[PDB]
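Below you'll find the structure, written out as structure tokens, and then a few comments.
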Amino acid sequence: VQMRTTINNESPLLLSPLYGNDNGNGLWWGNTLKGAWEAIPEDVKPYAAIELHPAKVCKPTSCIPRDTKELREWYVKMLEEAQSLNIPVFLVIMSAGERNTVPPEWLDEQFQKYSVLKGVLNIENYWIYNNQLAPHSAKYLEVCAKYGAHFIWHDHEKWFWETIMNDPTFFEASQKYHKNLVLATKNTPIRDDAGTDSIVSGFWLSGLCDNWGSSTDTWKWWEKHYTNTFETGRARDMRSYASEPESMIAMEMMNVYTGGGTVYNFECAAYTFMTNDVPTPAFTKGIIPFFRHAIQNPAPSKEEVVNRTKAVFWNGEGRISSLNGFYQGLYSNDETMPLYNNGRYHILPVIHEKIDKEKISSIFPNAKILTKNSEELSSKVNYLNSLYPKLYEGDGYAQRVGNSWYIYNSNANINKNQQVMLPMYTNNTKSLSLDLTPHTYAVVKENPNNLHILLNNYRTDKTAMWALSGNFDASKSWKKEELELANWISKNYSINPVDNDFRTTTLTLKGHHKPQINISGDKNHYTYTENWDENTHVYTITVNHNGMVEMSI
Ligand SMILES: C[C@@H]1O[C@@H](O[C@@H]2[C@@H](O)[C@@H](O)[C@@H](CO)O[C@H]2O)[C@@H](O)[C@H](O)[C@@H]1O
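In the numbering used here, the protein residues as written are 40 to 592.
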């Protein structure tokens with residue numbers, strides 16, 4: 040059967056969600072199916088689809104898709120709409136521990152009828168686990184395999200993913216139907232961010248799913264009790280899900296991309312996508328620019344990831360869920376948040392206990408297999424450092440990915456700059472340094488005879504939103520106050536974003552004739568000064584920006 044969606048490093052997938060309403064036109068946040076697909080740029084459309092989450096249509100609990108007459112009616116109403124407009128769609132059919140979800144035969148029927156139905160999602164179960172979730176998912180995966188569709192499972196936490204793949208039914212189904220399976224993170228619960236990336240990407244490396252990815256959830260900002268950027272001492276509310284810096288959304292995507300991931304999903308959509316059919320700056324100037332990077336520059340392939348891996352951690356003699364300080368001293372000081380401090384080790388893969396040690400040896404013949412009982416873990420950092428050489432100086436995040444450097448400031452909500460000094464692997468320049476403010480990322484690609492540099496620090500001032508009067512408590516999710524915030528967003532944030540405060544990124548090329556650069560960027564959102572020292576052959580460009588800047592040197 041032909042695959043309904045091609046998903047790989049050369050053809051990544053961007054998911055944008057719509058949510059059901061139990062009234063009106065049947066959709067929340069004032070959006071429509073037509074407006075959703077209208078929001079997706081024409082160059083991105085070949086690599087995109089719309090997620091349909093029944094949300095408020097679900098009864099007795101919103102977002103929990105218990106099979107009902109009304110639920111089916113809603114799926115069918117939306118499928119009819121999407122089919123008429125040739126909009127590729129995925130249905131959320133499992134969530135939050137629900138055991139009585141739509142029958143596999145019902146889904147089979149819908150695949151038969153609707154060419155636009157590309158697959159289904161299972162989302163979020165770590166707080167409400169039961170032993171039916173894995174076998175149910177396995178059955179739906181088999182249905183997906185029948186029709187060339189994809190089953191996408193977003194979930195989180197080390198113990199949880201360990202538990203899922205220990206299920207004999209789901210482990211078997213994964214071995215059979217890996218082509219049709221996507222396993223993905225969902226960093227909502229502000230725990231296990233590093234371990235989850237290692238285990239989920241490890242499933243992909245182990246051949247249990249052909250693609251992995253993420254649901255990047257700005258509700259994490261609410262979970263942390265964070266408010267306006269860098270602010271302390273204010274009570275959280277729904278405005279917190281609209282306050283994670285736009286460029287930081289893209290940095291979360293970069294963690295997936297550079298780990299070989301290929302599927303990107305997002306919450307909360309009132310911030311990350313659209314309200315009243317007006318796409319938001321988080322979407323247009325955060326998610327879209329990074330997704331375009333991923334379309335234009337294929338993520339590391341499975342074999343590239345395998346080949347760069349010097350060690351793996353195998354859960355076979357004790358599990359990563361039992362080593363809560365594992366990533367300390369290596370690359371994450373704080374698993375409650377997604378940003379990595381260090382790119383020296385990439386994402387270290389964690390291999391699941393159901394994969395035999397002989398198979399690991401076969402997949403990664405050149406990697407050390409660490410286990411919990413490895414004597415080398417008595418000096419964990421020194422040992423890993425003997426395998427992964429130090430590649431840069433400074434306190435910023437930098438990762439070497441083939442012929443490129445991937446860089447960001449790792450400070451999530453502390454207003455402090457970071458610096459990196461990056462040795463270079465061609466004689467275009469000897470070394471390249473960056474001074475980065477928070478919520479700035481960069482990508483430097485070394486071509487044979489030029490450097491391509493991408494800078495993006497886009498972050499709107501959230502102050503105006505935080506200054507509004509009213510009750511925006513999260514207990515009014517799915518209620519009129521949430522619409523009120525969404526209505527404000529479509530008339531203020533999305534049309535008159537407060538993005539005129541520029542921040543400075545300083546780029547220095549040491550040991551680089553005075554370059555004649557080609558520079559562009561977001562209209563009216565950057566200025567720059569250049570400096571050339573002909574004796575030292577040092578070129579400095581000082582870029583003041585709020586948004587994207589691109590150069591070829
Ligand atoms: C079960 C999930 O429900 C919704 O997500 C919830 C959010 O709306 C918010 O309350 C966060 C705070 O942690 O919790 C989530 O459960 C859906 O958006 C999601 O896709 C799941 O179906």
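Using N, Cα and C, we set each Cβ at its ideal position, and we do this for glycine too.
Our two residues, residue 74 and residue 80, have alpha carbons roughly 12 Å apart in a direct line.
One alpha carbon belongs to residue 124, the other to residue 154, and they sit about 12 Å apart. Distance from the Cα of residue 452 is smallest, within the candidate group 377, 48, 484, for 377. Residue burial annotation: residue 420 is exposed, with fewer than 16 other C-beta atoms found within 10 angstroms of its C-beta. Taking one beta carbon from each stretch, the segment 242-256 and the segment 383-400 have 3 or more pairs nearer than 8 Å; the two touch. Taking a 10 Å sphere around the C-beta of residue 507, we find fewer than 16 other C-beta atoms and assign the residue as exposed. Per the DSSP secondary-structure output, residue 504 pairs with nothing in a beta bridge. In this structure, the straight-line span from the alpha carbon of residue 128 to that of residue 294 is close to 26 Å. Pairing residue 545 with residue 581 gives a Cβ-Cβ distance under 7 Å. For residue 578, the enclosing beta strand (DSSP E) begins and ends at 577-584. Looking at the backbone, the Cα of residue 493 and that of residue 149 are separated by about 43 Å. Rounded to the nearest whole angstrom, the CA to CA distance from residue 470 to residue 574 is 16 Å.
In this structure, residue 309 has its CB at a distance of at least 6 Å from all heavy atoms of ligand 1. Residue state for residue 570 is assigned as strand, using DSSP reduced to three classes. Proximity of the segment 509-519 to the segment 465-484 falls short of the contact definition, fewer than three beta-carbon pairs being nearer than 8 Å. With fewer than 16 other Cβ atoms inside 10 Å of its own Cβ, residue 138 counts as exposed. Listed in chain order, the beta strand (DSSP E) elements of length 3 or more contained wholly in the segment 351-423 are 407-409. In the displayed model, residue 313 falls within a strand according to three-state DSSP.
Per the coordinates, the alpha-carbon of residue 366 lies some 37 Å from the alpha-carbon of residue 536.
Between residue 380 and residue 449 a beta carbon distance of about 5 Å is seen, short of the 8 Å cut, so the two are scored as contacting. Under a 10 Å Cβ-count criterion, residue 201 is classified as buried, with 16 or more other Cβ atoms of the shown protein chains found around its own Cβ. Of the residues 576, 503, 240, 157, the one whose Cα lies closest to the Cα of residue 468 is 576. Between the C-alpha atoms of residue 121 and residue 181 there is a straight-line separation of about 24 Å.
Excluding residues up to 5 positions away in sequence, 419, 420 lie with their Cβ nearer than 8 Å to the Cβ of residue 368 in the same chain. Distance between residue 115 and residue 91, taken at the CA atoms: about 11 Å. Beta-bridge partners of residue 193 (DSSP): 162, 223.
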